[PDB]
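See structure below.
In the text below, chain A, chain B and the rest are named by the order of the sequence lines, each starting its count at 1.
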2 protein chains.
Amino acid sequence: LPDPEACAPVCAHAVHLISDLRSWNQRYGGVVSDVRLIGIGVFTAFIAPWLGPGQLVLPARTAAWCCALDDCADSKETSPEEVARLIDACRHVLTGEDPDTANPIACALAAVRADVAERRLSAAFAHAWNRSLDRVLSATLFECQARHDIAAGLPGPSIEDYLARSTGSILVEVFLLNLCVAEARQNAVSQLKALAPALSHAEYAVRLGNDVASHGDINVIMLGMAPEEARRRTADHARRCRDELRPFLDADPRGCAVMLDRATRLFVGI
Amino acid sequence: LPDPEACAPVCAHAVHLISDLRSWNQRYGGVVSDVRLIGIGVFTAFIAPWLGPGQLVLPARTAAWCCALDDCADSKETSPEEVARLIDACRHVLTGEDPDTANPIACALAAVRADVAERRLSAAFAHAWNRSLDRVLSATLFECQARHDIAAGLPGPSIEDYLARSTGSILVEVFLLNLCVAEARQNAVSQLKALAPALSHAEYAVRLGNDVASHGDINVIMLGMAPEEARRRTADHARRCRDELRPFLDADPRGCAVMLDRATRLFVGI
């Protein structure tokens, strides 16, 4: 059973974070569904239990922002063309421009980006942050297009292309990059680069595992993969991620690799 | 650090429970503050991590209901006479009557009581449930009266009387009784009786610990106890509770005693 003493402050972090996210959300129009806000608050705290609540704010809001984008693009009335225009406006926000749209998703992005900038980290971290969000934007448009295509009688993407392109919306990288910087600040970029092979396996495991569980939604099972095969591959990727992490976990029990190991084990374990 | 595998389903329980409580709350007018709802959802799940989300609903709603009562009685504009009338109406609800008031606190009580009754447990469990809530009602009126008395220039209660009478609003018993019945059903009453000595120490530890931390509120430090003495006594009671629990914890690692041990360690650890 989880140790009560180890859990107690982690539970308390979660309560503060869930409350923060409700306020931030209402500040930006109610862009994210409440149940996702709750999940982000709980899981952020359990990924990195040694961080203070103040260090968890950025990561949690950045993840919440990604969930809004996903909700908006999951509308039945919006076209891939409409989603692409929203995506474009967000990419312009990432370069530092003010939103060229009244869509509150773009406003919320500019707010969270400003929060990052306030801590004046290197060209390199700001770059890495933008890139991670550009992956989420690309993956979102990919999934939207795929849903539109299937509903228009097209075959939709191949299974391997789906896995390669939809892993960008899995968020693990967003949690990792944003939490790692609190702990490692200036060294986070290099640590993140080193974890790329493990991170790729963690992403595939969580995508596969999520898809098996959910089985409008496009998923790997409706594309033709058998549930037992999606379960097999989830486990196989999870093991490969752990094997890639072992040398880092041995060197530091409170570093970025541990955060990746915890996130993967938390998200595969649901 | 808390084990990720052990935590993962417990985190998922929490998310469902926090969401449940928001809906129930809105059903009954918004009687409890959101931040308390979040705390109840998180901590319920970590007290009894081996229970399913469906088994956690009752306990969490019963605890939420106690927090509403406390919010209502913590109004600056309501008199002890007004609070006593609310308390009286709730005691009538506990006997099975329909609320004789339009106060939504009484309505919410009747709803949760109905939820209990639906599972047709013995005269004895229903009795124990009512008694635990009567303690919370009595303690609430005591604290309200004490606040009124201090603000009217009276000395307020002695420290030992404050501790004896305000422990009823601590909730540990509410979480314990309600969670224990899910696991032990028919045997819960006798198990609860056996844990009375430990429970008394757990209550005193959490009251002392809560009061130290909060330092309108009446608390033991403003009544004259030094912070270091309140901290000493918190630790001493916590140890005594553990010594009383040891024989039960040795006999069963998934029973009601473990729930009391976890609740005490969680609530003292914040």
Inset, instruction - Mind checking the CG-CZ spacing from B/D3 to A/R262? Nearest 0.5 Å is all I need. - result: 7.5 Å
Legend entry - A/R254 atom CZ, neighbour heavy-atom count above 12 within 6.0 Å: yes
Inset, instruction - Report the option among A/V258, A/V42, A/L266 that has the most heavy-atom pairs separated by less than 4.5 Å from atoms of chain B. - result: A/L266
Inset, instruction - Find the distance between CG (B/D34) and CG (A/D34) and round it off to the nearest 0.5 Å. - result: 7.5 Å
Legend entry - Closest contact, heavy atoms only, B/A12 versus A/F43: N-CZ, 4.2 Å
Legend entry - Top of A/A263, A/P4, A/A8 for chain B proximity - count of heavy-atom pairs under 4.5 angstrom: A/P4
Inset, instruction - Decide if atom CZ of B/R135 counts as having more than 12 heavy atoms of other residues, nucleotides or ligands within a radius under 6.0 Å. - result: yes
Inset, instruction - Report, as yes or no, whether the 6.0 Å neighbourhood of atom CZ on A/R27 holds more than 12 heavy atoms from other residues, nucleotides or ligands. - result: yes
Inset, instruction - May I ask you to check whether over 12 heavy atoms, not counting those of A/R119, lie within 6.0 Å of atom CZ? - result: yes
Legend entry - Between A/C11, A/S19, A/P9, the one whose heavy-atom pairs under 4.5 Å with chain B are most numerous: A/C11
Inset, instruction - Heavy atoms only, distances under 4.5 angstrom: which of A/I18, A/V15, A/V10 has the most pairs with chain B? Name it, please. - result: A/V15
Legend entry - Heavy-atom pair count under 4.5 Å with chain B, highest-scoring of A/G41, A/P49, A/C7, A/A14: A/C7
Legend entry - Shortest non-hydrogen separation from B/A6 to A/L1 and the atoms involved: CB-C, 4.4 Å
Legend entry - chain A contact via B/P2 - which portion, at a heavy-atom distance below 4.5 Å: both
